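Examining the three-dimensional arrangement
Here are the chains, one letter per residue:
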Amino acid sequence: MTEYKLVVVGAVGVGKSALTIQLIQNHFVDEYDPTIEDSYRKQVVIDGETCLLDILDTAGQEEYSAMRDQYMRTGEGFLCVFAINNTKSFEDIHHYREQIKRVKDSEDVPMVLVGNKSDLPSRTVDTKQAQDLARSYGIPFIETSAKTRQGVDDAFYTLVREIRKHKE
Ligand SMILES: Cc1n[nH]cc1CNc1ccccc1F
């Protein structure tokens, strides 16, 4: 059994841990929590084989700059989630894009453009925009909702294959 190290990053108000809770025990959290660093591991059957889903959470505080670029010496799976409820988060993705690209020292890397809060009527980011950026980033776009559980597992199963594609 291999442990798939996946790191979820993004802006504040996207609800990163919300997707995790939805994927672990199948539940949508309403209350927001300022998570600094939480550990989430679960054995799931991916591609037929039992794999260990290692999900590490990150803080939304831009004050820990010396922590963001500290142990990020290694990285197998990156998760860039954005919310269509806020256009700033969509633009903030560009900052993380170059940030990670610079730290990774590479361009090609298994990634997925996932959008949360897609069921919210506060659509500030249209679908065309996401597809446009996805084409430039070179990664697929997957609309996901934690409130209605809109294909959550499908957004993970894809990334796992991408990693295996990059490796073999
Ligand atoms: C911290 C730490 N304590 N024990 C091992 C590690 C490294 N793990 C890890 C590092 C970066 C992204 C994702 C990860 F799971």
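Residues numbered from 1 in each chain as written, not as in the entry; some residues may be left out. Heavy atoms only, no water.

In the nomenclature of the PDB entry, the protein corresponds to RASK GTPase (Fragment) from the organism Homo sapiens. Heading Catalytic activity (unreviewed entry) of the UniProt record for the protein holds this comment: "GTP + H2O = GDP + phosphate + H(+)". A UniProt comment under Subcellular location (unreviewed entry) is attached to the protein, and it reads "Cell membrane". (UniProt positions renumbered as here; feature names shortened; annotations may be inferred.)

**What to know about helix α5 (residues 153–167)**
Relative to the 21 Å expected for 15 residues at 1.5 Å per residue, α5 spans 22 Å between its end C-alpha atoms, a close match to the ideal helical length. Those residues of α5 that fall on the buried side of the exposure criterion are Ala155, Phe156, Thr158, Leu159, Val160 and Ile163. (Helix = DSSP H or I, 4+ residues; strand = E, 2+ residues; numbered from the N terminus. Expected span 1.5 Å × (residues − 1). Buried < 20%, exposed > 50% of the residue type's maximum accessible area, 1.4 Å probe, protein only.)

**What to know about the pairing of strand β4 (residues 77–83)**
Within β4, seven of the seven residues are buried, which leaves it mostly tucked inside the rest of the structure. Note: strand β1 (residues 3–9) against β4, four bridges, orientation parallel. Bridged to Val8 within β4 is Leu79. Taking the sense of rotation as the criterion, the β-α-β connection linking β4, helix α3 (residues 87–104) and strand β5 (residues 113–116) turns out right-handed. (Pairing = 2+ DSSP bridges. Right-handed = clockwise from strand over helix to strand, strands pointing away.)

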